[PDB]
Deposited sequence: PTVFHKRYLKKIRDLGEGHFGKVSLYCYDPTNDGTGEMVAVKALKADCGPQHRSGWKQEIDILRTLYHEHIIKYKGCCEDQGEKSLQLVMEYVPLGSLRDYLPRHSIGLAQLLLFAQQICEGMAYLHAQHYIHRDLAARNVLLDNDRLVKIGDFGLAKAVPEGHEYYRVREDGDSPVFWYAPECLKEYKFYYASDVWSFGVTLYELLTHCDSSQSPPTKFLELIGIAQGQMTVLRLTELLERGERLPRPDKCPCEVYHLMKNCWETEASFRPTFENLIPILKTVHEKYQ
């Protein structure tokens, strides 16, 4: 039942490019009548095996469902046709309350992941999938690692805390910084023109590209941050800034954020 066979799997289309692999849509049809379920299949070496071993362990309402494996090994997951928040939000006017629900849902999945002693390492809107209108699922565990220790010794730098950029140490609290950035993306409706790379490169400029990471590190340590999104309530932006505390230990955990987001969700609903 965990094993899928190459002969009964037929390709429909490519879905995208993740960390250490391409994601493709297949229909898995043993019966030969298109009755069988549609599945997302990710394909590749050392780190690839790790993504299979990680996601095999994980089971949660807001983590993408592992279905099985296949001999090319390939990783078979549930298919979520609505795709990512990065894809979805630019075309669908979604209200503030729904966005906060998604935010709550991300933290519940991340709180689960951390309790299993894993860090994600690319928590970004491109890796948050919609199952349905009020159900996010976190995808792409290609950079995910098992914490040995308080951190893993290590790249999407515009989502990364100063300690990752400077000291090459990824903490549980580093994922919370990234969540802060993801929350910024949701509140801008994942608008390209307001994206973290666009905004940070406006602040840094591109006259000296060899020192992008240095200049990014320096501005963050100066206390400069991404602006408040249009129509974002002040309360919510403070929560963002709390996730972007320079000192990692002053950031809330994902367990701390859940009841806060529940209450903020209930306010604007």
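Counting from residue 1 of the deposited sequence, the stretches lacking C-alpha coordinates in this chain are 45-52, 81-85, 162-163, 170-174.
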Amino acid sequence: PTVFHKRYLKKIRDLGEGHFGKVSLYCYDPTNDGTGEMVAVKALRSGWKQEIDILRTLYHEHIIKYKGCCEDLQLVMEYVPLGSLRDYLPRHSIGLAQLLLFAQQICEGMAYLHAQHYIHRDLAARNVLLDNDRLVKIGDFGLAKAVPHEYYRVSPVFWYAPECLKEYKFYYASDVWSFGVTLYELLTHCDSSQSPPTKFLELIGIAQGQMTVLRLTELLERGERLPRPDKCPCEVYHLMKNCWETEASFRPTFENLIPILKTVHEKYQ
From here on, numbers count along this sequence of modelled residues.
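Of the two segments, 79-87 and 180-188, the one listed with the higher mean B-factor is 79-87 (C-alpha atoms only).
Here 223-231 and 26-34 are compared by their mean Cα B-factor, and 26-34 comes out higher. You'll see in the entry that, of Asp122, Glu163, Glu108, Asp133, the Cα B factor peaks at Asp133. Per the PDB entry, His149 shows the highest C-alpha temperature factor of the residues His114, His149, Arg126, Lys145. Residue-level temperature factors show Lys49 in the highest third of its chain, judged at the C-alpha atom. In the PDB entry, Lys67 places in the highest third of its chain by CA B-factor. Ranked within its chain, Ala97 lands in the middle third, by CA B factor from the PDB record. When the modelled residues of the chain are ordered by their C-alpha B factor, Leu261 lands in the middle third. In the deposited entry, the Cα temperature factor of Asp175 sits in the bottom third of values across the chain's modelled residues.
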